[PDB]
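Undergrad: Here it is, the structure, as structure tokens.
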Amino acid sequence: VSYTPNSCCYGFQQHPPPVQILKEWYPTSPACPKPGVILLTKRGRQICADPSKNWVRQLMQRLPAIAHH
């Protein structure tokens with residue numbers, strides 16, 4: 001849908017989550033002003049994280065990249 005809303009992070013989580021709760025990750029929309037990733041937890045919590053941060057890239061590497069929709 002050319003008129004669908006876009007999911008974006010306005011604010012990122014600055015402190016690393018516990019790896020044990022993380023399931024997978026996926027990027028937010030390319031339409032967003034600041035590029036983001038979601039770290040999705042086993043309980044389904046969507047954690048906004050900044051892929052310009054090395055610690056976020058390292059978690060990303062350890063997790064499967066799995067499209068949400």
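Chain labels run A, B, ... following the order of the structure tokens; each chain numbers its residues from 1, and ligands are numbered from 1 in the order shown.
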Near range 54-67 of chain A, within 9 Å and counting only C-alpha atoms, which residues show up once chain neighbours fewer than 5 positions away are dropped, as a list in words?
TA: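 In the requested format, the answer is residues 16, 19, 22, 23, 24, 25, 26, 27, 37, 39 and 49 of chain A.
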Undergrad: Mind dumping the selected residues with C-alpha atoms as a CSV table (one decimal), in the first residue's frame?
TA:
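Generated output (result16.csv):
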chain,number,residue,atom,x,y,z
A,16,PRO,CA,22.2,-3.2,25.9
A,19,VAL,CA,21.1,-11.4,25.1
A,22,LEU,CA,16.5,-11.7,22.4
A,23,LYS,CA,14.9,-13.7,19.6
A,24,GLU,CA,15.7,-12.0,16.2
A,25,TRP,CA,16.1,-8.6,14.7
A,26,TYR,CA,14.8,-6.6,11.7
A,27,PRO,CA,15.4,-3.1,10.4
A,37,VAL,CA,16.7,-1.9,14.1
A,39,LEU,CA,15.7,-6.3,18.7
A,49,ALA,CA,18.3,0.1,18.8
Undergrad: Where does DSSP see helix (DSSP H, G or I) in chain A, if you list the residues as a list in words?
TA: residues 19, 20, 21, 54, 55, 56, 57, 58, 59, 60, 61 and 62 of chain A
Undergrad: With N, CA and C atoms kept, could you save the residues just selected as a PDB file, in the first residue's frame?
TA:
ATOM      1  N   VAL A  19      21.041 -10.558  26.317  1.00  0.00           N
ATOM      2  CA  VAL A  19      21.054 -11.368  25.134  1.00  0.00           C
ATOM      3  C   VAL A  19      20.073 -12.543  25.296  1.00  0.00           C
ATOM      4  N   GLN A  20      19.943 -13.092  26.515  1.00  0.00           N
ATOM      5  CA  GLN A  20      19.143 -14.298  26.700  1.00  0.00           C
ATOM      6  C   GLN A  20      17.678 -14.066  26.319  1.00  0.00           C
ATOM      7  N   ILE A  21      17.221 -12.824  26.268  1.00  0.00           N
ATOM      8  CA  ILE A  21      15.802 -12.605  26.011  1.00  0.00           C
ATOM      9  C   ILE A  21      15.561 -12.329  24.535  1.00  0.00           C
ATOM     10  N   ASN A  54      28.321   0.135  17.610  1.00  0.00           N
ATOM     11  CA  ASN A  54      28.978  -1.149  17.506  1.00  0.00           C
ATOM     12  C   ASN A  54      28.336  -2.260  18.359  1.00  0.00           C
ATOM     13  N   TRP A  55      27.948  -1.943  19.587  1.00  0.00           N
ATOM     14  CA  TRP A  55      27.331  -2.990  20.396  1.00  0.00           C
ATOM     15  C   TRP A  55      26.007  -3.537  19.776  1.00  0.00           C
ATOM     16  N   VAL A  56      25.275  -2.697  19.112  1.00  0.00           N
ATOM     17  CA  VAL A  56      24.040  -3.140  18.429  1.00  0.00           C
ATOM     18  C   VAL A  56      24.352  -4.046  17.211  1.00  0.00           C
ATOM     19  N   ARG A  57      25.361  -3.676  16.427  1.00  0.00           N
ATOM     20  CA  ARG A  57      25.778  -4.518  15.331  1.00  0.00           C
ATOM     21  C   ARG A  57      26.225  -5.868  15.823  1.00  0.00           C
ATOM     22  N   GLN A  58      26.841  -5.915  16.998  1.00  0.00           N
ATOM     23  CA  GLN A  58      27.367  -7.184  17.487  1.00  0.00           C
ATOM     24  C   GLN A  58      26.250  -8.081  17.914  1.00  0.00           C
ATOM     25  N   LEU A  59      25.210  -7.521  18.536  1.00  0.00           N
ATOM     26  CA  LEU A  59      24.011  -8.317  18.859  1.00  0.00           C
ATOM     27  C   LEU A  59      23.315  -8.784  17.606  1.00  0.00           C
ATOM     28  N   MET A  60      23.248  -7.893  16.617  1.00  0.00           N
ATOM     29  CA  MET A  60      22.612  -8.181  15.348  1.00  0.00           C
ATOM     30  C   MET A  60      23.254  -9.439  14.744  1.00  0.00           C
ATOM     31  N   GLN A  61      24.582  -9.427  14.670  1.00  0.00           N
ATOM     32  CA  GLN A  61      25.355 -10.579  14.217  1.00  0.00           C
ATOM     33  C   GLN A  61      25.008 -11.887  14.910  1.00  0.00           C
ATOM     34  N   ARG A  62      24.753 -11.836  16.214  1.00  0.00           N
ATOM     35  CA  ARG A  62      24.434 -13.044  16.962  1.00  0.00           C
ATOM     36  C   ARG A  62      22.973 -13.485  16.771  1.00  0.00           C
TER      37      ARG A  62
END
Undergrad: Report as JSON, numbers by chain: the residues of range 33-67 of chain A with a DSSP assignment of strand (DSSP E), based on the backbone of this structure.
TA: {"A": [37, 38, 39, 40, 41, 46, 47, 48, 49]}
Undergrad: Restricted to N, CA, C and O atoms, what would the selected residues look like written as a PDB file, in the first residue's frame?
TA:
ATOM      1  N   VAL A  37      16.942  -0.432  14.061  1.00  0.00           N
ATOM      2  CA  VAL A  37      16.678  -1.904  14.086  1.00  0.00           C
ATOM      3  C   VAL A  37      15.803  -2.188  15.260  1.00  0.00           C
ATOM      4  O   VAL A  37      15.914  -1.506  16.294  1.00  0.00           O
ATOM      5  N   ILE A  38      14.958  -3.195  15.120  1.00  0.00           N
ATOM      6  CA  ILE A  38      14.255  -3.789  16.256  1.00  0.00           C
ATOM      7  C   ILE A  38      14.965  -5.012  16.732  1.00  0.00           C
ATOM      8  O   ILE A  38      15.178  -5.916  15.983  1.00  0.00           O
ATOM      9  N   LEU A  39      15.303  -5.038  18.019  1.00  0.00           N
ATOM     10  CA  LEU A  39      15.670  -6.271  18.697  1.00  0.00           C
ATOM     11  C   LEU A  39      14.433  -6.834  19.330  1.00  0.00           C
ATOM     12  O   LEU A  39      13.910  -6.289  20.270  1.00  0.00           O
ATOM     13  N   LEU A  40      13.967  -7.947  18.800  1.00  0.00           N
ATOM     14  CA  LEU A  40      12.679  -8.502  19.235  1.00  0.00           C
ATOM     15  C   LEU A  40      12.900  -9.538  20.297  1.00  0.00           C
ATOM     16  O   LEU A  40      13.708 -10.495  20.199  1.00  0.00           O
ATOM     17  N   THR A  41      12.214  -9.380  21.408  1.00  0.00           N
ATOM     18  CA  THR A  41      12.473 -10.372  22.499  1.00  0.00           C
ATOM     19  C   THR A  41      11.587 -11.581  22.351  1.00  0.00           C
ATOM     20  O   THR A  41      10.592 -11.523  21.668  1.00  0.00           O
ATOM     21  N   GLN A  46       9.406  -5.147  21.319  1.00  0.00           N
ATOM     22  CA  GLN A  46      10.150  -4.508  20.253  1.00  0.00           C
ATOM     23  C   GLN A  46      11.036  -3.446  20.881  1.00  0.00           C
ATOM     24  O   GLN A  46      10.581  -2.394  21.356  1.00  0.00           O
ATOM     25  N   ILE A  47      12.344  -3.687  20.848  1.00  0.00           N
ATOM     26  CA  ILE A  47      13.336  -2.804  21.424  1.00  0.00           C
ATOM     27  C   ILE A  47      14.004  -2.057  20.265  1.00  0.00           C
ATOM     28  O   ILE A  47      14.732  -2.591  19.476  1.00  0.00           O
ATOM     29  N   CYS A  48      13.807  -0.746  20.237  1.00  0.00           N
ATOM     30  CA  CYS A  48      14.508   0.163  19.274  1.00  0.00           C
ATOM     31  C   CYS A  48      15.999   0.273  19.603  1.00  0.00           C
ATOM     32  O   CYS A  48      16.342   0.671  20.724  1.00  0.00           O
ATOM     33  N   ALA A  49      16.846  -0.040  18.626  1.00  0.00           N
ATOM     34  CA  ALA A  49      18.290   0.083  18.794  1.00  0.00           C
ATOM     35  C   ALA A  49      18.926   0.704  17.541  1.00  0.00           C
ATOM     36  O   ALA A  49      18.423   0.565  16.440  1.00  0.00           O
TER      37      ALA A  49
END
Undergrad: So which residues touch residue 8 in chain A within 9 Å, counting only C-alpha atoms, skipping near sequence neighbours fewer than 5 positions away, as a PyMOL selection string?
TA: chain A and resi 28-37+48
Undergrad: Those same residues, written as an mmCIF file, in the first residue's frame with N, CA and C atoms?
TA:
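Result saved to selection-v2.cif:
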data_model
loop_
_atom_site.group_PDB
_atom_site.id
_atom_site.type_symbol
_atom_site.label_atom_id
_atom_site.label_comp_id
_atom_site.auth_asym_id
_atom_site.auth_seq_id
_atom_site.Cartn_x
_atom_site.Cartn_y
_atom_site.Cartn_z
ATOM 1 N N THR A 28 13.958 -1.111 10.773
ATOM 2 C CA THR A 28 12.815 -0.338 10.618
ATOM 3 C C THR A 28 12.780 0.127 9.118
ATOM 4 N N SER A 29 11.731 0.848 8.736
ATOM 5 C CA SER A 29 11.552 1.282 7.366
ATOM 6 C C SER A 29 12.671 2.198 6.848
ATOM 7 N N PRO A 30 13.037 2.079 5.567
ATOM 8 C CA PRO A 30 14.041 3.016 4.970
ATOM 9 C C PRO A 30 13.503 4.416 4.931
ATOM 10 N N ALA A 31 12.206 4.578 5.111
ATOM 11 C CA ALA A 31 11.520 5.956 5.092
ATOM 12 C C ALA A 31 11.779 6.750 6.387
ATOM 13 N N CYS A 32 12.280 6.053 7.393
ATOM 14 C CA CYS A 32 12.498 6.688 8.698
ATOM 15 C C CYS A 32 13.652 7.682 8.687
ATOM 16 N N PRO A 33 13.564 8.786 9.455
ATOM 17 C CA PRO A 33 14.651 9.782 9.468
ATOM 18 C C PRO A 33 15.931 9.276 10.027
ATOM 19 N N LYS A 34 15.933 8.464 11.089
ATOM 20 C CA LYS A 34 17.126 7.848 11.572
ATOM 21 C C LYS A 34 16.973 6.343 11.408
ATOM 22 N N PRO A 35 17.895 5.700 10.730
ATOM 23 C CA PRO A 35 17.860 4.243 10.589
ATOM 24 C C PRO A 35 17.886 3.507 11.933
ATOM 25 N N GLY A 36 17.020 2.533 12.043
ATOM 26 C CA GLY A 36 16.843 1.756 13.254
ATOM 27 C C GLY A 36 16.821 0.301 12.991
ATOM 28 N N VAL A 37 16.942 -0.432 14.061
ATOM 29 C CA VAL A 37 16.678 -1.904 14.086
ATOM 30 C C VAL A 37 15.803 -2.188 15.260
ATOM 31 N N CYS A 48 13.807 -0.746 20.237
ATOM 32 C CA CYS A 48 14.508 0.163 19.274
ATOM 33 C C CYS A 48 15.999 0.273 19.603
#
Undergrad: At what distance in Å, to one decimal, does CA of residue 13 in chain A lie from CA of residue 50 in chain A?
TA: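 Computed distance, CA of residue 50 in chain A to CA of residue 13 in chain A, equals 7.7 Å.
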Undergrad: Quick one: of A:18, A:7, A:43, A:53, who's nearest to residue 68 in chain A, counting only C-alpha atoms?
TA: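 Of the candidates, the smallest distance to residue 68 in chain A is held by A:7.
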